[PDB]
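Fold and contact review
These are the residues of each chain, in order.
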Amino acid sequence: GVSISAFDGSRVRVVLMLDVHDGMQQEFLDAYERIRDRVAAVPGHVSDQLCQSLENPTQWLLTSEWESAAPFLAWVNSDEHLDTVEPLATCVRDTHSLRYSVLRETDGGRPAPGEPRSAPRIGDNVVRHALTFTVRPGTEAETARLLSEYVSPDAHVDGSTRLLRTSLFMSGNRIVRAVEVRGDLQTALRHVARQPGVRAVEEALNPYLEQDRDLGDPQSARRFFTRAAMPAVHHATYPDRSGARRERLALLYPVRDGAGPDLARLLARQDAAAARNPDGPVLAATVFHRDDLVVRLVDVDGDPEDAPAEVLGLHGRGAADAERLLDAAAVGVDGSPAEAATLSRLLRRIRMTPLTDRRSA
Amino acid sequence: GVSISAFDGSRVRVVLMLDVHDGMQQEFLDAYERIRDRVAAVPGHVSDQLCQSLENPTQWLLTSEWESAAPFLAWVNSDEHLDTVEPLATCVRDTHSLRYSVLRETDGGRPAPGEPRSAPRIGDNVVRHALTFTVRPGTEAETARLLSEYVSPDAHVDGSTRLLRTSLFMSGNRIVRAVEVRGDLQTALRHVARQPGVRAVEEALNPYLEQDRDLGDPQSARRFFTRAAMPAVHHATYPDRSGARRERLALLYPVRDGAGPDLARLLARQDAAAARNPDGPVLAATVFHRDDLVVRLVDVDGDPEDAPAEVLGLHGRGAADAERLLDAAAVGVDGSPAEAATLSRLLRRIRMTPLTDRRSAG
């Protein structure tokens, strides 16, 4: 079962809902008219439509079409996007961007020629997201304690939204946070960030962050989160097992420069190949990706080290296909990639240090 | 100062967020493949896109382009909309529809050739919506008491949505309920409906409703509100007037059976043209229109009966442009239009009986 895939090749429809400040509708349109060109020239943009609500003049929609998820995902979290859309900050109060894959189309009163005949991804109401950031050389142990010992927020956001799990990891000065949320991601994260237990930990970390932010200014906050976002590009669920040990691991891949998007595509293909013909202790696998940052979050039955290739997603030809995309000798792993002892040592070095795994209903 | 206008003739982009039941995605796609034609064969329907979320398999998008607002409103509010989408409640847990008028388009890497050069509507993050329904002849006075003395609900829904004003009115056996909401109308109405105070009054209404409602069935209720819906097709804000008296009135226009769409577009042009060369005691006017039911909700500085033409939106030639459109005979209004004595007596006859006007802390 693959429930999330950003590699199916489907065309992408993005719904960006904007909330304009009371009375600044003329300034918003003026500011869009100045930045439209830059947005349209983004590699992968096909079409756009700026619309105002017939029910509320503060409600605006920017719907866009992209060739595939990859061009959009590369620009949405880009610093070029942030600089392109910064003169809307005077006139825009909030934004909500939903992203979808096109399955069916009707044009000319008739299904469109080229309409996909793809099948729906089956699944439950869960959204997965990852955050990654760096802390100052010399602050690693302090940051690890802070995040391992925070007061968990109330998972209850609403009838619609609930936090289901938050898993934190560390490798060197890099922290990765992954969450499972029922319902809307933005609503959940905003409820979580307003809780005293979490806002305290955030105020204690700011002094350690390699990039400095002011949770005070929504603009320094949005830029950190745009720069920290690690979208889930693949989720595959596997048949359950009857083992007495269960373990969640985070695997940070030593990627060569420019190879991150390609490692993520290899890892996604491998994970979907395992789902079609299951073999191994993996119970679920999520690929999180931002540039040359590739993380695989794996739930495993039994000892992960009894089955390195299947946990690493480098079963069969993957290990060979990954040698070209990975710098294993930068983390000290020499040896032919398919060999059993090489994959066992790669699992040990790329496994992130678990900090806290908090499960909520 | 016109904040809502459904008659600017712009085309409509509709986003319909669907939340599918967990695991029922294949059945949902198959349910849609067996209803897609009907949607295409709607007049005014131009294009459509069915999309599944990259972040959640149970989140889906139906986005469509419509010729203008009129054909869309005619359809979403219709009974055959509800019947066309009937066999999907088995795989759909919830929907949320948002309607926008398109203002700028980019096709190619180019600003679209036929893109609107229209300027934006200016306003203050308020949604306005009305509902109309009728009670069985003999239940009018019993209904008025209930609707006037019910217990108001928490105007607070969440930190982004709040109920601002609820105003109820009766005329004959017709009730009109208008609301002003900050933020999201669907969330606001669902919060209010779930409140104890208003469920109690709603249960004690159903023995009087000419129309059958079983809010016990989520469908029978959706039916009722779809049928009762009276959308705000126009809203204008006028400069504030010093004034020690401020009054809110609902004008229920007597329309010639044939058509009242044109009466709404007339009261709308006149409201928008008074919104530009404001000269009278009106501070704001919202036009509500379902079919031949036309209601103007007016905020007046001072005595409404001292400037009845401007309160009726029949200043200048409107009253004569409306003569053909109105049945002032059936209400007891004989006279020359464009004339005070008749306009004054029309205001007195079409003005609905105010039952309650609950202004919220917001």
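Calculation rules
Residues numbered from 1 in each chain as written, not as in the entry; some residues may be left out. Chains lettered and ligands numbered in written order. Heavy atoms only, no water. Residues with missing side-chain atoms left out of burial classes, pairs and counts. Helix = DSSP H or I, 4+ residues; strand = E, 2+ residues; numbered from the N terminus. Rg over C-alpha atoms; globule rule 2.2 N^0.38 Å. Contact = heavy atoms within 4.5 Å. Buried < 20%, exposed > 50% of the residue type's maximum accessible area, 1.4 Å probe, protein only. Pairing = 2+ DSSP bridges. Buried area = accessible area lost by both parts, 1.4 Å probe. Salt bridge = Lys/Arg side-chain N within 4 Å of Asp/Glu carboxyl O. Polar contact = N/O pair within 3.5 Å; in protein donor to acceptor, adjacent residues only side chain to side chain. UniProt positions renumbered as here; feature names shortened; annotations may be inferred. 1 Å grid on protein atoms, 1.4 Å probe; cavity = no way out; pocket = protein on both sides within 12 Å on 5 of 7 lines; lining within 4 Å. Points joined across faces, edges and corners; volume = space filled by probe spheres on them. Nonpolar A, V, L, I, M, F, W, Y, C, P; charged D, E, K, R; others polar. Domains from an automatic or database assignment. Disulfide = S-S within 2.5 Å.

**Digging into the overall build of chain B**
When helices and strands are tallied, chain B shows twelve helices and 14 strands. A compact globule built from 362 residues should have a C-alpha radius of gyration of about 21 Å, and chain B, at 22 Å, falls within 12% of that. The dimensions of chain B, computed from C-alpha atoms along their principal axes, are 65 × 55 × 40 Å. Of the contacts formed within chain B by residues at least 6 apart in sequence, a portion of 75% connects residues at least 24 apart.

**Some thoughts on the pairing of strand β2 (residues 12–20) of chain A**
Residues and elements named next belong to chain A. Most of β2 sits inside the fold, with seven of its nine residues counted as buried. Here β2 pairs with strand β5 (residues 92–107) via nine bridges, running antiparallel. Bridge pairing in β5 links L18 to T95. In this structure, β2 lies alongside strand β4 (residues 59–66), joined through eight bridges in antiparallel fashion.

**Details of the side chain of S3 of chain A**
Counting through the fold element by element, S3 of chain A comes out in strand β1 (residues 2–5). By relative accessible area, which is 8% here, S3 of chain A ends up buried. When residues no more than four places from it in sequence are discounted, the contact partners of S3 of chain A are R121, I122 and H235 of chain A together with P57 of chain B.

**Quick notes on the interface of chain A and chain B**
In this complex, chain A contributes 62 residues to the contact, which on the side of chain B involves 62 residues. Buried surface at the junction of chain A and chain B, both sides included, amounts to about 5,500 Å², of which 52% is carbon and sulfur. Across the contact surface, chain A and chain B share eight salt bridges. For the salt bridge of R99 of chain B with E55 of chain A, the shortest nitrogen-to-oxygen distance reads 3.4 Å. Put simply, chain A and chain B have 35 residue pairs in polar contact between them.

**A few points about the UniProt feature "domain: ABM" in chain A**
What UniProt calls "domain: ABM" maps, in this numbering, to residues 12–103 of chain A. A distance of 9 Å separates the end C-alpha atoms of residues 12–103 of chain A, which is 33% helix and 41% strand.

**Let's talk about empty space enclosed by the protein**
As a volume, the largest cavity reaches approximately 120 Å³. In this structure, the largest cavity is lined by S5, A6, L73, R99, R128, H129, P231, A232 and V233 of chain A together with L54 and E55 of chain B. Only β6 (127–134) and β9 (229–237) of chain A provide two or more residues apiece to the lining of the largest cavity. The residue inventory of the lining of the largest cavity, partitioned by class, reads six nonpolar, two polar and three charged.

**Re the domain arrangement of chain A**
All names here are of chain A. Here chain A is described as being made up of domain 1 (9–101), domain 2 (127–229) and domain 3 (231–356). Computed over C-alpha atoms only, the centres of domain 2 and domain 3 are separated by 24 Å. Listed as interface residues are 23 residues of domain 2 and, on the opposing side, 19 residues of domain 3. Its largest share of buried area at the contact with domain 3, domain 2 owes to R128, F169 and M170, together 32% of the area lost on that side. Here domain 2 is connected to domain 3 by one salt bridge. In this structure, the salt-bridge partner of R248 is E180, at a minimum N-O distance of 2.8 Å. One can count nine residue pairs in polar contact joining domain 2 with domain 3. At the level of secondary structure, the elements contributing two or more residues to the side of domain 2 that touches domain 3 comprise β6, α4 (140–148), β7 (162–171), β8 (174–182) and α7 (218–228). Per-class residue counts for the side of domain 2 that touches domain 3 are eleven nonpolar, seven polar and five charged.

**Topic: helix α2 (residues 69–76) of chain A**
What α2 of chain A keeps buried is the set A69, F72, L73, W75 and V76 of chain A. Here the buried face of α2 of chain A lies against β2, α1 (25–40), β4, α3 (79–84), β5 and α7 of chain A.

**Some points on unusual backbone geometry**
The phi dihedral of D291 of chain A falls on the positive side, at around 60 degrees, and the residue is not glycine. Examined against the element boundaries, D291 of chain A turns out to sit in the loop between β11 (282–290) and β12 (293–301). Positive phi, close to 50 degrees, is recorded for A338 of chain B, a residue that is not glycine. Relative accessible area serves as the criterion here: at 62%, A338 of chain B is assigned to the exposed category.

**Thoughts on the pairing of β12 of chain A**
Two faces belong to every sheet, and in a regular strand the side chains alternate between them. All names here are of chain A. Buried residues dominate β12, accounting for nine of its nine residues. Because side chains alternate across β12, one face comprises the buried residues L293, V295, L297, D299 and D301, and the other comprises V294, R296, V298 and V300, equally buried. Where strand β10 (residues 246–252) and β12 come together, seven bridges link them in antiparallel fashion. Within β12, the residue paired with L251 across the bridge is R296. Where β11 lies against β12, eight bridges are found, and the strand directions are antiparallel. For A285, the partnering residue across the bridge sits in β12 and is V298. In this antiparallel pair of consecutive strands, β11 and β12, the connection spans two residues, and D291 shows a positive phi of 60 degrees.

**So, the state of the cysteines**
Applying the stated rule across the entire model yields zero disulfides over all chains. Take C91 of chain A: it sits in no disulfide, and the sulfur closest to it among the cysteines is that of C51 of chain A, at 17 Å. Residue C51 of chain B stays outside any disulfide, its sulfur separated by 14 Å from that of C51 of chain A, the closest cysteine.

**Notes on the domain arrangement of chain B**
The parts lose accessible area when they come together, and the size of an interface is often stated as this lost area. All names here are of chain B. If you check the domain split of chain B, you get domain 1 (2–105), domain 2 (127–229) and domain 3 (232–354). Computed from C-alpha coordinates alone, the two centres of domain 2 and domain 3 are separated by 24 Å. Counting from both sides, the interface comprises 18 residues of domain 2 and, opposite them, 16 residues of domain 3. Buried surface at the junction of domain 2 and domain 3, both sides included, amounts to about 1,400 Å², of which 62% is carbon and sulfur. Per-residue buried area on domain 2 facing domain 3 is highest for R128, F169 and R174; these three make up 39% of the total on that side. For the salt bridge of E180 with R248, the shortest nitrogen-to-oxygen distance reads 2.7 Å. Counting every contact that joins domain 2 to domain 3 gives seven residue pairs in polar contact. Elements with a minimum of two residues in the side of domain 2 that touches domain 3: β7 (127–134), β8 (162–171), β9 (174–182) and α8 (218–228).

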